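Quick notes on the structure that follows.
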Amino acid sequence: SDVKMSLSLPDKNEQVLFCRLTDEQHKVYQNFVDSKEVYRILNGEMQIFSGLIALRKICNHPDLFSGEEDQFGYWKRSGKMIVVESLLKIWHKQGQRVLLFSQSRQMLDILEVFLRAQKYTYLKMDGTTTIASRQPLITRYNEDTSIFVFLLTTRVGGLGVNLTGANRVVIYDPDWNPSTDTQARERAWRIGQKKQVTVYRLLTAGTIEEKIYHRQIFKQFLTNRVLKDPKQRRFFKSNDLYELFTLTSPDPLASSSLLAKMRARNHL
Amino acid sequence: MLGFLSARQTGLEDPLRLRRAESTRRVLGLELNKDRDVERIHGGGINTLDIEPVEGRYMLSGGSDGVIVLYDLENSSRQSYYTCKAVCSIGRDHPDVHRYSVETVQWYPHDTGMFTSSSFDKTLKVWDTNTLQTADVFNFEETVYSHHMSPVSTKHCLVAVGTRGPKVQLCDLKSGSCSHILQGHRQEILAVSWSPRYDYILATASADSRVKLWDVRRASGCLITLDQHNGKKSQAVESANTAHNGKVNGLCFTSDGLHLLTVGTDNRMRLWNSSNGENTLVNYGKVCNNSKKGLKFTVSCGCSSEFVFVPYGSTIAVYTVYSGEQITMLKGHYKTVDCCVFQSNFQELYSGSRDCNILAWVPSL
C-alpha cells in the first residue's frame with residue numbers, strides 16, 4: 001500500500017462471492033444438520049472434527065453420497081461449480097488466464113474432471129506431483145498462455161511460488177487459517193504482474209463457509225490489532241460460538257517527555 | 001604543599017598534579033563529622049543513599065521502615081557547623097509509601113527531575129522529583145533485591161531488576177515493557193550493575209556464587225564468565241563455577257568501567273578485568289561480610305590513586321584498589337553498615353547502618 005506507487009503494480013479487486021446451495025446440496029445439508037451425530041457433538045459426546053469435515057465436504061460438493069451426466073462430482077449438483085463454470089466461460093471468452101485454488105485434494109480432482117468435461121486447457125499440481133517436476137510446471141504455466149486454468153492445493157499452491165503468468169484467481173474453499181487464503185490470493189498480485197487481477201473467494205451463503213469466514217475475519221481483526229495499528233474496531237459480525245452447524249440459507253530525554261509519555265500510558 | 005603552588009604558577013607541573021594530589025591527601029585524612037550532622041528522620045536502618053549525579057547537592061535515602069527522605073547537603077546557614085535538613089519525604093502517610101523496607105533508590109541520571117525506588121513489596125515505583133507522585137509502578141512476582149539504571153545511556157532507559165527469582169528483568173521507562181528477561185542464572189540475584197563505559201554491558205551476580213557479564217543487545221545469553229582460578233577451559237551460561245565460594249552480594253565497576261570489584265559472603269573481594277573477566281589476583285585480605293541481602297559500596301574518583309570504601313562489619317574499610325593496601329578503618333557506627341556513598345566534589349563519605357544513623361565523614365584540615 002505504501003510501495004505500490006513506487007513499484008507500479010496493476011489494480012487489484014477483492015470481490016467475495018456468496019453462493020447459493022443447489023436443491024440437492026441444500027437437501028443434503030439440511031439432512032446432515034438434522035442428523036443425530038451433530039446432536040451428539042453439540043452435547044459434547046463426540047469429537048467435533050467429523051461434523052465439521054462432513055459439512056465442508058457437503059458445501060464443496062455433495063460427494064458424501066455419490067449420485068448420464070450424473071457421475072461422481074457432476075458440476076451442476078454443486079452451486080459453486082455452476083458459478084465456476086460461468087466464470088470460466090466468461091474469462092475464456094475474455095482471453096484471460098485463471099488460477100483455481102482448493103483446500104482438499106479430492107475436490108481438486110472433481111474440478112479436474114469437470115474441466116476435462118469442458119475443453120479448457122488445465123495444468124494441475126498437488127502434493128502428489130513429484131517435487132522435481134513442480135518448478136518446471138510453474139515455469140511452463142508462466143511461459144505459455146495456452147493453459148487457461150491452473151489447479152492447485154492451497155498447501156502447496158501458496159507458499160512462495162510466483163504465478164504472475166495467470167490473470168484471474170478464484171478461491172474455491174475457505175479454511176480456518178486466513179493466512180492460507182491471503183497467500184493463495186497473493187500468488188498472483190506480485191512483482192512482475194503486468195495485468196489487472198481480481199480475487200473471487202467462494203462461500204456458500206448461510207452455511208458453514210460463512211461461519212468460517214466470520215472466524216477468519218475475527219482473526220484478521222486480531223492480527224491487525226497489533227501489526228497495523230492498535231485502534232482495531234471490535235469484531236461484531238458474529239459472537240463466534242458453537243452454532244455454526246446450523247443452516248441459514250438466504251432468501252537524552254529531558255525527564256519531561258518521559259514523564260508525559262508514561263502518564264499517557266497510565267491514563268488509558 | 002607550597003611546592004605544588006610554585007610549580008603550578010610557574011607552569012612547571014600541570015594543574016592536574018596539584019588537583020589529584022590534594023584530593024588524595026584529603027581522602028587519607030578523612031574522619032568523622034567535625035562540621036556536619038545529618039537530621040534524624042528514619043525510624044529504622046537506612047538501606048541506601050544516592051547523591052545526585054549533577055551538582056551533587058541532594059541525597060535520597062531509603063529507610064528500612066518504608067519511608068524515603070530527601071536531604072539537602074549545602075550549608076545554607078552562615079555558621080561553620082550546621083546540619084543537613086530534610087527537604088521533603090515520602091512519609092508513611094503519603095498515599096504511595098512502600099509497605100516495606102526500601103531496598104534501592106536511585107536518581108534519574110541526566111536530570112534531577114525524577115527518581116526511581118524499589119522495595120521488598122515487589123514494586124519499582126518511578127517518582128517525580130517535583131510533584132512527588134508515583135507516575136508509574138512495575139509490580140513483580142518476587143521481592144526486588146536491587147535495581148540500577150544505566151549511568152551513561154543517552155539512548156536506552158532500561159532498568160535492570162535483580163529479584164529473588166533467577167531472571168534478570170529489564171524494564172523500560174520509555175514505553176514500559178517489563179517482559180524482557182536474561183536467561184542463565186540459577187538462584188537469587190543479589191546485585192546488578194551497568195558498565196559506566198559501555199552502554200549495554202550489564203554485570204549481574206547471584207547467590208549461586210557467580211557473576212556474569214551480559215550484553216543486552218545480543219541473543220546469546222552472557223559474554224563472560226568470572227572464575228576465581230581463571231583456568232584455561234571455558235563454560236556455558238550458568239551461575240555456577242564460583243566467582244566466589246559463597247553468595248556474591250556486591251558489584252562495583254571502577255571509576256572508568258575497566259575492572260570490576262565483587263564482594264561475596266566468603267569474606268573476600270576480587271578485582272576482575274572486565275574485558276575478559278580475568279581475575280587480576282589483587283586480594284585485599286579478609287573483608288567481613290555476612291549480609292543476607294545486597295551490599296552497597298563505592299570507589300573514589302578524581303584522586304591520584306583509586307580507593308574503595310567497602311563496609312566491614314560496622315566499620316568502613318578503605319583499601320587501595322590496585323594495590324590492596326588497607327589504608328584505614330572508619331569506626332563510627334554501632335550496628336552493621338549497609339550502604340556508603342562518596343561525594344567526589346569534596347571527597348566526603350556518607351554512611352548508613354542498621355542503627356538508624358547517617359554519618360558524615362569529612363576531611364580534616
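Residue numbering restarts at 1 in every chain; chains get A, B, ... in the order shown in the C-alpha cells, and ligands count up from 1 in that same order.
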message = Can you tell me which residues surround residue 66 of chain B at a distance of at most 9 Å, considering only C-alpha atoms, apart from same-chain residues fewer than 4 positions away, and format the answer as a list in words?
response =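 Final neighbour list, sorted by chain and number: residues 44, 62, 90, 91, 92, 97, 98, 99, 100, 101, 102 and 119 of chain B.
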message = Which of segment 198-295 of chain B end up as strand (DSSP E) when DSSP is run on this backbone - answer as a PyMOL selection string?
response = chain B and resi 201-206+210-215+222-225+252-253+259-264+268-273
Residues from last step as file, N, CA, C and O atoms, as a short mmCIF file (atom, residue, chain, number, x, y, z; two decimals), in the first residue's frame:
```cif
data_model
loop_
_atom_site.label_atom_id
_atom_site.label_comp_id
_atom_site.auth_asym_id
_atom_site.auth_seq_id
_atom_site.Cartn_x
_atom_site.Cartn_y
_atom_site.Cartn_z
N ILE B 201 26.55 -3.21 28.53
CA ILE B 201 27.20 -4.30 29.24
C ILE B 201 26.71 -4.28 30.68
O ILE B 201 27.08 -3.40 31.45
N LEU B 202 25.91 -5.28 31.03
CA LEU B 202 25.34 -5.43 32.36
C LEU B 202 26.03 -6.58 33.05
O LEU B 202 26.16 -7.66 32.46
N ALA B 203 26.44 -6.38 34.29
CA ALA B 203 27.08 -7.42 35.08
C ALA B 203 26.24 -7.72 36.30
O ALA B 203 26.07 -6.86 37.17
N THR B 204 25.73 -8.94 36.38
CA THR B 204 24.89 -9.36 37.49
C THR B 204 25.59 -10.46 38.24
O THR B 204 26.37 -11.21 37.65
N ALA B 205 25.30 -10.57 39.53
CA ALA B 205 25.86 -11.60 40.38
C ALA B 205 24.73 -12.22 41.18
O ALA B 205 23.80 -11.51 41.56
N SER B 206 24.83 -13.51 41.46
CA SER B 206 23.74 -14.23 42.09
C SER B 206 24.24 -15.06 43.25
O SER B 206 25.41 -15.41 43.35
N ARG B 210 28.15 -16.89 41.18
CA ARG B 210 28.97 -16.39 40.10
C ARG B 210 28.37 -15.13 39.51
O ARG B 210 27.15 -14.96 39.47
N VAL B 211 29.27 -14.27 39.04
CA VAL B 211 28.98 -13.04 38.34
C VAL B 211 29.02 -13.32 36.85
O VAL B 211 29.87 -14.08 36.39
N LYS B 212 28.12 -12.70 36.10
CA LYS B 212 28.05 -12.90 34.67
C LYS B 212 27.82 -11.59 33.94
O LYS B 212 26.80 -10.94 34.14
N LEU B 213 28.75 -11.23 33.07
CA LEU B 213 28.64 -10.01 32.30
C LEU B 213 27.85 -10.28 31.03
O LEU B 213 28.37 -10.88 30.10
N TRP B 214 26.62 -9.81 31.00
CA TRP B 214 25.76 -9.96 29.85
C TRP B 214 26.04 -8.84 28.87
O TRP B 214 26.68 -7.85 29.23
N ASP B 215 25.60 -9.02 27.64
CA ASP B 215 25.34 -7.93 26.71
C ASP B 215 23.86 -8.02 26.40
O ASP B 215 23.37 -9.08 26.03
N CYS B 222 25.10 -14.73 28.02
CA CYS B 222 26.15 -13.89 28.58
C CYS B 222 27.38 -13.87 27.68
O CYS B 222 27.54 -14.70 26.79
N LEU B 223 28.26 -12.91 27.95
CA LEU B 223 29.54 -12.85 27.27
C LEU B 223 30.61 -13.58 28.07
O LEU B 223 31.25 -14.51 27.56
N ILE B 224 30.82 -13.17 29.30
CA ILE B 224 31.99 -13.56 30.08
C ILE B 224 31.51 -14.24 31.34
O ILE B 224 30.39 -14.00 31.82
N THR B 225 32.35 -15.10 31.88
CA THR B 225 32.03 -15.98 32.98
C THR B 225 33.18 -15.88 33.97
O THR B 225 34.30 -16.30 33.67
N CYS B 252 30.77 -3.46 41.78
CA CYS B 252 31.06 -2.07 41.53
C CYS B 252 32.10 -2.01 40.44
O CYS B 252 33.17 -2.60 40.57
N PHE B 253 31.79 -1.33 39.35
CA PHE B 253 32.77 -1.07 38.32
C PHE B 253 33.66 0.06 38.79
O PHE B 253 33.17 1.04 39.36
N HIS B 259 37.79 -2.33 35.28
CA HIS B 259 37.79 -3.51 36.12
C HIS B 259 36.42 -3.69 36.75
O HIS B 259 35.44 -3.10 36.30
N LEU B 260 36.33 -4.53 37.76
CA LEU B 260 35.04 -4.89 38.34
C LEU B 260 35.27 -5.50 39.70
O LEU B 260 35.90 -6.55 39.81
N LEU B 261 34.78 -4.85 40.75
CA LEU B 261 35.03 -5.27 42.12
C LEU B 261 33.82 -6.01 42.63
O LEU B 261 32.69 -5.54 42.46
N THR B 262 34.03 -7.16 43.27
CA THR B 262 32.94 -8.00 43.74
C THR B 262 33.24 -8.49 45.14
O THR B 262 34.22 -9.19 45.35
N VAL B 263 32.39 -8.12 46.09
CA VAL B 263 32.44 -8.73 47.41
C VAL B 263 31.45 -9.88 47.48
O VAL B 263 30.44 -9.91 46.78
N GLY B 264 31.75 -10.85 48.33
CA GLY B 264 30.92 -12.04 48.45
C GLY B 264 30.96 -12.58 49.86
O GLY B 264 31.89 -12.31 50.62
N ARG B 268 35.69 -12.35 51.02
CA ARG B 268 36.74 -11.98 50.09
C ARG B 268 36.21 -10.93 49.13
O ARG B 268 35.01 -10.80 48.92
N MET B 269 37.14 -10.18 48.55
CA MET B 269 36.85 -9.28 47.45
C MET B 269 37.86 -9.56 46.36
O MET B 269 38.97 -9.99 46.64
N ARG B 270 37.46 -9.33 45.12
CA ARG B 270 38.28 -9.66 43.97
C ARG B 270 38.14 -8.60 42.90
O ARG B 270 37.04 -8.16 42.59
N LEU B 271 39.27 -8.20 42.32
CA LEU B 271 39.29 -7.26 41.22
C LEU B 271 39.48 -8.02 39.93
O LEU B 271 40.54 -8.62 39.72
N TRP B 272 38.48 -7.99 39.06
CA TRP B 272 38.49 -8.70 37.80
C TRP B 272 38.56 -7.70 36.67
O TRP B 272 37.88 -6.68 36.69
N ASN B 273 39.36 -8.01 35.67
CA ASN B 273 39.30 -7.27 34.43
C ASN B 273 37.96 -7.54 33.77
O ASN B 273 37.48 -8.67 33.77
#
```
query = What's the 9 Å shell around segment 189-206 of chain A, counting only C-alpha atoms, without same-chain residues fewer than 3 positions away, as a PyMOL selection string?
reply = chain A and resi 7-21+59-60+79-80+162-174+181+185-186+209-211+213+246-250
Can you write out as a tab-separated table which residues of chain A fall within 10 Å of chain B, alongside each residue's closest atom pair and its distance in Å to one decimal, counting only C-alpha atoms and ordering rows by chain and ascending residue number?
```
residue	atom	partner	partner_atom	distance
A:252	CA	B:154	CA	4.4
A:253	CA	B:154	CA	7.4
A:254	CA	B:111	CA	6.5
A:255	CA	B:113	CA	5.8
A:256	CA	B:113	CA	7.7
A:257	CA	B:174	CA	9.3
A:258	CA	B:174	CA	6.3
A:259	CA	B:135	CA	7.2
A:260	CA	B:135	CA	9.2
A:261	CA	B:175	CA	7.6
A:262	CA	B:175	CA	6.9
A:263	CA	B:135	CA	6.3
A:265	CA	B:175	CA	7.8
A:266	CA	B:136	CA	7.4
```
request  = For atom CA of residue 79 of chain B and atom CA of residue 43 of chain B, quote the distance in Å rounded to one decimal.
outcome  =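 Between atom CA of residue 79 of chain B and atom CA of residue 43 of chain B the gap is 28.4 Å.
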Going by DSSP on the backbone, which bits of segment 58-133 of chain A are alpha helix (DSSP H)? Write them as a PDB file with C-alpha atoms, in the first residue's frame, please.
```
ATOM      1  CA  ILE A  58     -21.025 -31.089   1.555  1.00  0.00           C
ATOM      2  CA  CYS A  59     -20.610 -27.383   0.838  1.00  0.00           C
ATOM      3  CA  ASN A  60     -17.736 -28.094  -1.540  1.00  0.00           C
ATOM      4  CA  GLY A  79     -23.893 -24.375  -6.946  1.00  0.00           C
ATOM      5  CA  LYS A  80     -20.284 -23.288  -6.559  1.00  0.00           C
ATOM      6  CA  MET A  81     -19.350 -25.474  -9.519  1.00  0.00           C
ATOM      7  CA  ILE A  82     -22.107 -23.909 -11.648  1.00  0.00           C
ATOM      8  CA  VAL A  83     -20.860 -20.425 -10.787  1.00  0.00           C
ATOM      9  CA  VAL A  84     -17.310 -21.584 -11.520  1.00  0.00           C
ATOM     10  CA  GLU A  85     -18.415 -22.878 -14.915  1.00  0.00           C
ATOM     11  CA  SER A  86     -19.998 -19.494 -15.638  1.00  0.00           C
ATOM     12  CA  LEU A  87     -16.860 -17.593 -14.622  1.00  0.00           C
ATOM     13  CA  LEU A  88     -14.597 -19.929 -16.591  1.00  0.00           C
ATOM     14  CA  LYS A  89     -16.803 -19.404 -19.634  1.00  0.00           C
ATOM     15  CA  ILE A  90     -16.683 -15.621 -19.260  1.00  0.00           C
ATOM     16  CA  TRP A  91     -12.922 -15.479 -18.711  1.00  0.00           C
ATOM     17  CA  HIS A  92     -12.138 -17.916 -21.520  1.00  0.00           C
ATOM     18  CA  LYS A  93     -14.274 -15.742 -23.782  1.00  0.00           C
ATOM     19  CA  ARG A 105      -7.290 -32.773  -2.964  1.00  0.00           C
ATOM     20  CA  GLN A 106     -10.452 -34.749  -3.774  1.00  0.00           C
ATOM     21  CA  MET A 107     -12.454 -31.650  -4.711  1.00  0.00           C
ATOM     22  CA  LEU A 108      -9.463 -30.625  -6.808  1.00  0.00           C
ATOM     23  CA  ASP A 109      -9.811 -33.971  -8.593  1.00  0.00           C
ATOM     24  CA  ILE A 110     -13.540 -33.423  -9.144  1.00  0.00           C
ATOM     25  CA  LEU A 111     -12.742 -29.963 -10.507  1.00  0.00           C
ATOM     26  CA  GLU A 112     -10.154 -31.507 -12.836  1.00  0.00           C
ATOM     27  CA  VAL A 113     -12.768 -33.984 -14.049  1.00  0.00           C
ATOM     28  CA  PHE A 114     -15.199 -31.147 -14.734  1.00  0.00           C
ATOM     29  CA  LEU A 115     -12.503 -29.226 -16.604  1.00  0.00           C
ATOM     30  CA  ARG A 116     -11.908 -32.293 -18.756  1.00  0.00           C
ATOM     31  CA  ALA A 117     -15.672 -32.237 -19.303  1.00  0.00           C
TER      32      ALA A 117
END
```
task = Do a neighbour search on residue 255 of chain B at 9 Å with only C-alpha atoms, toss out local chain neighbours closer than 5 positions, and write the hits as JSON, numbers by chain.
result = {"B": [196, 299, 300, 301, 306]}
ask   = What does the distance between atom CA of residue 303 of chain B and atom CA of residue 350 of chain B come to in Å, to one decimal place?
value =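 Spanning atom CA of residue 303 of chain B to atom CA of residue 350 of chain B is a straight-line distance of 17.7 Å.
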inquiry  = For residue 38 of chain A, find every residue with an atom within 12 Å (counting only C-alpha atoms), except residues of its own chain fewer than 3 positions away, and show them as JSON, numbers by chain.
reply    = {"A": [29, 30, 31, 32, 33, 34, 35, 41, 42, 43, 44, 45, 46, 47, 48, 49, 50, 51, 52, 53, 54, 55, 242, 243, 244, 245, 246]}
Need to verify the contact set: residue 345 of chain B, 9 Å, only C-alpha atoms, exclusion of same-chain residues closer than 2 positions in sequence. Can you return it as a compact mmCIF listing (two decimals) with N, CA and C atoms, in the first residue's frame?
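Output file result.txt follows:
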```txt
# COMPACT_ATOMS: atom_id res chain seq x y z
N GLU B 55 25.76 18.32 40.16
CA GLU B 55 25.84 19.31 41.23
C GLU B 55 25.94 18.67 42.61
N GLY B 56 25.74 17.36 42.71
CA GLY B 56 25.94 16.64 43.96
C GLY B 56 25.38 17.30 45.20
N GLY B 302 38.69 11.12 40.84
CA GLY B 302 39.47 12.34 40.94
C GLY B 302 40.47 12.33 42.07
N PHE B 342 29.93 8.34 48.16
CA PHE B 342 31.12 9.15 48.07
C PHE B 342 30.77 10.43 47.32
N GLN B 343 31.18 11.56 47.86
CA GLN B 343 30.91 12.86 47.28
C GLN B 343 32.17 13.32 46.56
N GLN B 347 35.28 15.08 48.30
CA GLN B 347 35.89 13.91 48.92
C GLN B 347 35.29 13.64 50.29
N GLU B 348 33.97 13.50 50.33
CA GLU B 348 33.26 13.24 51.57
C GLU B 348 32.48 11.95 51.43
```
